[PDB]
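Here the structure comes first, spelled out in structure tokens, and everything after it is commentary.
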């Protein structure tokens, strides 16, 4: 009946309500070609979208519409929605309701503009905007627990206890997968593997997904890298060329735990989660320590849950029992939560309608959200 | 309609409940209404929006707690109606208000308007067959089995001393103060902020009570303890962060003896006990000195009775046998005597029936109590 | 050794210094320690690597600013020692610490450990002959010339109302809340991210303070301003890029009156002013209402004094003469009174001498301040 | 007996010694 559409900054995920996993999965990209006066043969698309842009990557200027969970170009975001509904899902938006997701502490105008596009342009019967962390917690099954959500757009934390979100203890963070990908691309240039153009941005992204892992101890990993060359793995590109890097596997995702490398002057993901828990009430800290949930693609590095356990225990008192909930399906946890929320019978009375939107306007969504 | 009557022992700190002819109250829980601070975004949360009893004790951090009674005087009448409804409801008693007669309790010399409005609640909103209101001192002596006795009690709200002699309560010898356990806990909180560790929220306030219950003692000589340097004992929170209490643990209960510390010139516990014996007649004084009974929670401090003896030795006439008695069950002494009073056959004569209340009104309730 | 004594008006936001008997403090600079983010490659650069005062204000963007003092409680003691050393150095005062006595200032109801550590710094690291710690309320009344009146103050750290009647400060009626200018500036930043124009860096944080100082106002009726739609007035940043502020300008300083917005159940300024008057004895209340003195920078919002009076009219008893007075120099109120107090001949009796500290220790400082 | 709060070793009472 209802459609769930997790508009992620990287991978735009979408499908149906009451499902195990999403059908439509693709990178939210809109590649426009090299505009030269020379002609093109047997016709082509003026602006590609999704997997088509990824396939024909070499030529196209890959521009993401969402930057840090914030929609910059709205015409680009409108084309991706259109690509999700008609091409991938093969179903009109007028029949099915549409669950959407944004990160917490976003601009207030973005929900209003997102909702305006759904009702005016797409003619949706009913829509809703949920917090990503709330859905990630709902996919995991627990009512209680903090959610250290981390995608390519935005890392953020939302502490919740017994089905009561703590909006003032929320802490949004500028560090994310895209900033890690840019950092890996820079340190690759330092060892003679220069990647300037946006076509190579996806190759270094794919290198980041495969090889990189979170260090248990950084100074120890740096010492072993200098001594031995067993850690130095090789990755072959789409092209037959193959490259080898030693230091850059553990050093790339260390930027999460040490933002000083990127030049952000912010708290690391390990202590940002701690600072979120300390901002909550003193009586409900034990359960937040016990249910330290992870979600998103930036939590898919091997050994990240072990590093979070080391750092949070180091920050917190010795008496506390720290525990990180790190499921196998944490990459697609936000969408799974939306599918379970859409499947419930209580959610049928929580939708916005066309008549309610015509009466109120875009400002009705802020009341419905939280 | 003479079913097994209910014994509701009221009080600002704790509210005891149960049936007549029992050894100990089965239903003891703290007297406050808890309502959630935060927003409930996620479904499957703690329903009701009003938390009383063990749910409120379990989920403190969510709830903005507020005490309905201050100094044995209910300020918020809607909150006490909800608590008395919760007492009767299926979560505690599992019985109707229509079946059983009610035994209510109040501190002496309280506002008569509050006693009238209490009766109005039990007769109109609840449909009670018969109500009876009684004193704390008379009930404490019922539990011990005595008739002669000065009852120095110290609850959360009120401290007072009613001198009874062979079943003759002297109303004009009653000495009362509005300085008690809550003010000592509030005074301890103020000291802890001066030490360093700040507590401000209402859920966060009950941690200070738990510190006061556990780690506090009364020094026999306070000037000697001042001149000496303390050891600074530790305490663990529900969070796990350690707190060095210091001299605030011994200086906190000095509010009971020196009420000039809070900045409110009253008599004090020891002076109230002496003044109650002095205001009574000449021949009754020596019997009243021999029978001094203790009750309430703020008599449970370490070295309380030892210091209360020494203060009586300082004030009272020389070469007189002082005996400050104090049963094992001091906290439930008032409830036990009510259960004993309810079980006796004379109880039927003392109460105010619903028919008598409908005919006369408030005047009949004022006549039957005294 | 009785030289012209130094006044050091301590504060979280701003620190003000000079000598006794002066009309206005000559040396007003912000209380923080800027340290450079970027690496210094080229020679002939800014030397020292620890920036305090006008150099730090001039070169914001280079320096990672961090405040040592939060809520009148120094966390980073090494930074405050460097600030006090910078005050005494040739860049500001051009004097030795050994010659002059010191008048330090602190907020009421602070941690006593900070007061001892403050004294240790002045007596041992600096070699001060005599030190004296005083309250902000008592000094503000010295500046005006009065003895009676409540002193409502609101700087960057603390908001506290001290009722003083004819040279008698009542310590048990001193109300305090940690909801001052810094929390308002932090709440404004969070609102500007909701508007769209996000700020994250520490040098970039002081732009929000400049926005808070310039373009903000406290409305009389907040519900009426919520129903009406704002005009979205502009403000130009130090760069040049314009910012449409919107409803974030007026809802930001509402935090001072409504502390539930940030997520911390406290009194608020208007409740603290009433509560301080109500905690005092009956006969002094009407004189305390007639004499209300404002102070600090967070009382300088547009329509603040008008809102304070409306809130006092709502809470306080009817038909009572309310009068909220203030000095012309509200920021320099506490320093001028200290300079007056220092220049008095009695000041010699009040202070803690170096010899007295070496003999007794912390006890003599706790005996002389209060 | 059953219930949360009790005091162990205070004694029932504190009494002054009886002289002749």
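Virtual Cβ from ideal backbone geometry, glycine too; neighbours counted across all protein chains shown. Just so it is clear, none of the values below were taken in a lab; they were calculated from the coordinates.
Identify all residues within the stretch A:27-46 that are more than 22 Å from the chain's Cα centre (by Cα) and either closer than 17 Å to residue A:205 by Cα or surrounded by 15 or more Cβ atoms within 10 Å (Cβ to Cβ) (or both); write none if there are none.
A:32, A:33
When you look at residue C:165, is it touching a helix residue (DSSP H, G or I) at 6+ places or on another chain (Cβ under 6 Å), within 14 Å of chain B (Cβ to nearest Cβ) and either touching a residue at least 40 places away in the same chain (Cβ under 8 Å) or buried (at least 18 other Cβ atoms within 10 Å of the Cβ) (or both), yes or no?
It is true that residue C:165 is touching a helix residue (DSSP H, G or I) at 6+ places or on another chain (Cβ under 6 Å), within 14 Å of chain B (Cβ to nearest Cβ) and either touching a residue at least 40 places away in the same chain (Cβ under 8 Å) or buried (at least 18 other Cβ atoms within 10 Å of the Cβ) (or both).
Is it the case that residue B:128 is in a loop (DSSP other than H, G, I, E, B) and under 22 Å from residue B:341 (Cβ atoms)?
Answer is yes for this residue.
Residues in the stretch A:212-252 that are buried (at least 18 other Cβ atoms within 10 Å of the Cβ), in contact with a helix residue (DSSP H, G or I) (Cβ under 6 Å, 6 or more places away or on another chain) and either in contact (Cβ under 8 Å) with a residue 60 or more places away in the chain or part of a loop (DSSP other than H, G, I, E, B) (or both): how many?
Of the residues in the stretch A:212-252, 5 are buried (at least 18 other Cβ atoms within 10 Å of the Cβ), in contact with a helix residue (DSSP H, G or I) (Cβ under 6 Å, 6 or more places away or on another chain) and either in contact (Cβ under 8 Å) with a residue 60 or more places away in the chain or part of a loop (DSSP other than H, G, I, E, B) (or both).
Look through A:256, A:262 and report the one residue that is in contact with a helix residue (DSSP H, G or I) (Cβ under 8 Å, 6 or more places away or on another chain), buried (at least 16 other Cβ atoms within 10 Å of the Cβ) and within 14 Å of another protein chain (Cβ to nearest Cβ).
Going through A:256, A:262 in turn, the sole match is A:262.
Going through the stretch A:341-359 one residue at a time, which ones are farther than 16 Å from residue A:102 by Cα, part of a helix (DSSP H, G or I) and either within 10 Å of chain B (Cβ to nearest Cβ) or over 24 Å from the mean Cα position of the chain (by Cα) (or both)?
Passing the criteria: A:346, A:347, A:348, A:349, A:354, A:355, A:356, A:357, A:358, A:359.
Which one is nearest to the chain's Cα centre (by Cα) among residues in the stretch B:312-329 that are within 12 Å of another protein chain (Cβ to nearest Cβ) and assigned to a helix (DSSP H, G or I)?
B:312
More than 30 Å from residue B:37 (Cα to Cα) and outside any loop (DSSP other than H, G, I, E, B): is that true of residue B:160 in this structure?
yes
State yes or no: is residue B:322 touching a residue at least 40 places away in the same chain (Cβ under 8 Å) and surrounded by 15 or more Cβ atoms within 10 Å (Cβ to Cβ)?
So residue B:322 does not fit the description; no.
Could you please find all residues in the stretch A:168-187 being within 22 Å of residue A:145 (Cα to Cα) and over 20 Å from the mean Cα position of the chain (by Cα)?
Within the stretch A:168-187, A:168, A:169 qualify.
Does residue A:184 qualify as being crowded, with 18+ Cβ neighbours inside 10 Å and part of a helix (DSSP H, G or I)?
yes
Name, by its number, the condition in (1) surrounded by fewer than 17 Cβ atoms within 10 Å (Cβ to Cβ); (2) in contact with a helix residue (DSSP H, G or I) (Cβ under 8 Å, 6 or more places away or on another chain) that does not hold for residue C:357.
(1)
Kindly indicate whether residue C:206 is under 19 Å from the mean Cα position of the chain (by Cα), surrounded by 17 or more Cβ atoms within 10 Å (Cβ to Cβ), touching a residue at least 24 places away in the same chain (Cβ under 8 Å) and over 28 Å from residue B:37 (Cβ atoms).
yes
Tell me the residue from C:60, C:35 that is more than 29 Å from residue C:159 (Cβ to Cβ) and more than 20 Å from the chain's Cα centre (by Cα), please.
C:35
Just to verify a result, which residue in the stretch B:31-48, among those that are surrounded by fewer than 21 Cβ atoms within 10 Å (Cβ to Cβ) and more than 11 Å from chain A (Cβ to nearest Cβ), is nearest to residue B:182 (Cα to Cα)?
The residue in question is B:35.
Quickly run through the stretch B:14-30 and pick out the residues that are within 25 Å of residue A:284 (Cβ to Cβ) and at the interface with another protein chain (Cβ under 10 Å from one of its Cβ atoms).
B:14, B:28
Which helices (runs of 4 or more DSSP H) sit wholly inside the stretch A:69-179 and have at least 3 residues that are within 14 Å of chain B (Cβ to nearest Cβ)?
Output list reads A:132-140.
Out of (1) crowded, with 23+ Cβ neighbours inside 10 Å; (2) touching a helix residue (DSSP H, G or I) at 6+ places or on another chain (Cβ under 8 Å), what's the single condition that is false for residue A:69?
(2)
Check the stretch C:131-146 and report whether any residue there is farther than 27 Å from residue C:66 by Cα, within 14 Å of another protein chain (Cβ to nearest Cβ) and buried (at least 21 other Cβ atoms within 10 Å of the Cβ).
no
Using the structure shown, decide if residue B:140 is more than 25 Å from residue B:1 (Cα to Cα) and within 19 Å of the chain's Cα centre (by Cα).
Judged against the criteria, residue B:140 is a match.
Return the residues of the stretch B:130-154 that are out of contact with any strand residue (DSSP E or B) (no Cβ under 8 Å at 6 or more places or on another chain) and touching a residue at least 24 places away in the same chain (Cβ under 8 Å); say none if nothing qualifies.
B:142, B:143
What are the residues in the stretch A:187-203 that are touching a residue at least 24 places away in the same chain (Cβ under 8 Å), assigned to a helix (DSSP H, G or I) and over 19 Å from residue A:263 (Cβ atoms), if any?
If the condition is that a residue be touching a residue at least 24 places away in the same chain (Cβ under 8 Å), assigned to a helix (DSSP H, G or I) and over 19 Å from residue A:263 (Cβ atoms), then A:198, A:199, A:201, A:202, A:203 are the ones that fit.
Could you list, in sequence order, the residues of the stretch A:293-324 that are surrounded by 14 or more Cβ atoms within 10 Å (Cβ to Cβ) and under 18 Å from the mean Cα position of the chain (by Cα)?
If the condition is that a residue be surrounded by 14 or more Cβ atoms within 10 Å (Cβ to Cβ) and under 18 Å from the mean Cα position of the chain (by Cα), then A:293, A:294, A:295, A:296, A:297, A:298, A:299, A:300, A:301, A:304, A:305 are the ones that fit.
Based on what the data block shows, is residue B:307 outside any helix (DSSP H, G or I) and away from chain C (no Cβ under 14 Å)?
In short, no.
Quick one: count up the residues across the stretch A:280-300 that are within 24 Å of residue B:61 (Cβ to Cβ), away from chain B (no Cβ under 12 Å) and in contact with a helix residue (DSSP H, G or I) (Cβ under 8 Å, 6 or more places away or on another chain).
4
Would you please name the residue that is nearest to the other protein chains (Cβ to nearest Cβ), looking only at residues in the stretch D:11-20 that are within 13 Å of residue B:303 (Cα to Cα) and out of contact with any helix residue (DSSP H, G or I) (no Cβ under 7 Å at 6 or more places or on another chain)?
D:13
Taking the stretch B:330-351 on its own, how many of its residues are away from chain D (no Cβ under 14 Å) and not in a helix (DSSP H, G or I)?
Total satisfying the criteria: 4.
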